[PDB]
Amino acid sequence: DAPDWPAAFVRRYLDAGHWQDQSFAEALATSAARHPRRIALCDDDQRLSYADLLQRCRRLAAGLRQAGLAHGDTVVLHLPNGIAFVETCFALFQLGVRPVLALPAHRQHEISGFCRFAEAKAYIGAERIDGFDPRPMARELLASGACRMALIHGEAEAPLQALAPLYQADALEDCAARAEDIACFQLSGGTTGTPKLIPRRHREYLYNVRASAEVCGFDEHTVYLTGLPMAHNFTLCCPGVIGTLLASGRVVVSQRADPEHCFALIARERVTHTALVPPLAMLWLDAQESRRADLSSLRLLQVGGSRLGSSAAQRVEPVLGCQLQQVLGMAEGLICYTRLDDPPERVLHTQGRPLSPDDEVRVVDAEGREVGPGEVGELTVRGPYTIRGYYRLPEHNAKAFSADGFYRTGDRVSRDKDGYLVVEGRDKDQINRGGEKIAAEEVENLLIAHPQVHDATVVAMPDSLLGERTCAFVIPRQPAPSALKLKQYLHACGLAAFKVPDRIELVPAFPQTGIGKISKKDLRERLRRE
C-alpha cells in the first residue's frame, strides 16, 4: 500500500538521529509548552496563543472522533489558508487520521479522485475557497458515495455538516499516532494529473521540518507569511508553517500573494520570512506604488517551485532588502537549499545543495549512466525523507522508482564543483531545434533582464523541417516592446543565433498550475492546435 524504507535504511536513519520518536501532534504540544502564551497564529482578526491553539486542536479532535473519524481513516482536507487549516490538520494528526492535502485550486475532478482513491471518510472544506463555491461539489460527493460525510467551515445546508460546532467538545488529551505511521498524503506536482498521493510519515516529515528550519535560520522571532497555499509542501514543511510553529515563531495567514495585500501585511505584522514561486516573486519585484510599504522587517525570501533566474535573483536584496534563498524541492522528498552564508555565485545561479547528508543524488543519462561533472541528466534520489512509492500505486511505482529505490524526478539538472544543483527544467520542457539543444532558462533569463519585460517563458512547437522550433511567451511592462525589438535585444546580448526564439508572443499572462507555476504544457498545447 505504502512502500516503506528497507530495514537497513530505517536503522541508519534512526542511528544518525534523523528520525525521532514523536508524531506531529506531540511535537506541537512540546513547542506549545515552551511558549504557551505567545501568539502562534494570526489572521486579520484572530490571534491564537500556542496554548489556545493546542486546546482548540484537542477539542476539535474530540469532536471529529465523535463525528466518527477513527485512527487510520483518511479525509480530504480542502481549505483555504487560515487558522482552521492548521487546527484541522493537527486535530487529525492527533487522531491518527490522514489528510489528503488538496490545493485551493483543486476542483471536482481532483477532489472526487482523491476521495475515491483514498476511501476518504470525510471531505472537509469551506463555504468558499479560491473563488469557488465547493458546496454543490460536496453534496455530489455525498450523493455519489465518494465520501461518507462532508464537513464545511462556514454556512452550509444539509446534507453537508458544520465543522465549527465540533470545537465545543471536551479536549482530547491522548494521541493515537505512532512516529512511524503515515501522517498525511501530500500530492504530486507533475504535469499530468490527477495528482498522486504521497504518503509522508511523522518521523521523516518532521526530520524534513527540523532540518529545513535549521538551514533557514528559523527561531523564536520568525514571523512567517503564507505566500503560497498552506497545503503545499513548500509552505507547510520547508520549513513552512509547521517549521515556524515548532521553532515557536508566529505564522501570519494570507489567502493572497499580490504585493498590494502582502506588503501591507508585512508592515502590519513585521513579517520576517516567506516563500514564493518565481512568478509571484516577479510581482513583488515589479510592485510599483505598493513598494512604499515598510518592508524593513523582511529577512528571508525563499524562492522555488521553478527556477529563479539570475536576472531576477539579483534584484531581491536591493529591492526588498532581504536575503534570498533558492530552493529545489518536491513533494516526494528531496529538498536542496542555498545556505544563508553562501556567496552570490551560489545564491544567484544555483538551486541549492541537498538538505540531508544522507540524501543520495544520482544524475543519469537515458541509458542509466551517471553523467560527468557539470553535465546535464535526469535527477534521481533516495534519502531519509524521500518516498519509496506512491500510495496504492504499484503499477506506476514500478516505473517511477529504480530497482535500488531511487525516485526518478523527471527533472534535468547538473551539479557544480561544490555539489549545488542547477536545474535545466523538466524532461518534457526540453527543446531540440534541428539537432541543437536549447536551454530555455538561458533565453528566459536574458529576456527577463529587459526593462520592459515582466516575465518570459520559452517552449517548443512542432516543425516539419527542424522537428521543433521555439516560441517565447512574454508578459511586457509598458511601453511594451515588439517581438522584433526583443530579437534585436537578444542579439545585442550575445545570444547564439539558433537560440533566438523563432516566434515571440506578447501576452498579458501565462497559464498557471495550482500554486502559481507557469504551465508550459498548456502553452505547448495552445501552439500544437494552432
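A residue's number is simply how far along the shown sequence it sits, counting from 1.
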item: Which of 182-190 and 297-305 has higher mean CA B factor, as the PDB entry lists it; value: 182-190
item: 366-374 set against 197-205, stretch whose average Cα temperature factor tops the other in the entry; value: 366-374
item: Top residue by Cα temperature factor, when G82, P229, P159, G125 are compared in the entry; value: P159
item: Given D358, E444, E155, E87, the residue at which the Cα B factor reaches its maximum; value: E155
item: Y167 by Cα B-factor - lowest, middle or highest third of the modelled chain; value: highest
item: Where the record places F406 (Cα B-factor, split into thirds across the chain); value: lowest
item: Lowest, middle or highest third - CA B-factor, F132; value: highest
item: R469, C-alpha B-factor rank within chain (lowest, middle or highest third); value: highest
item: CA B-factor ranking of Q452, expressed as a third of its chain; value: highest
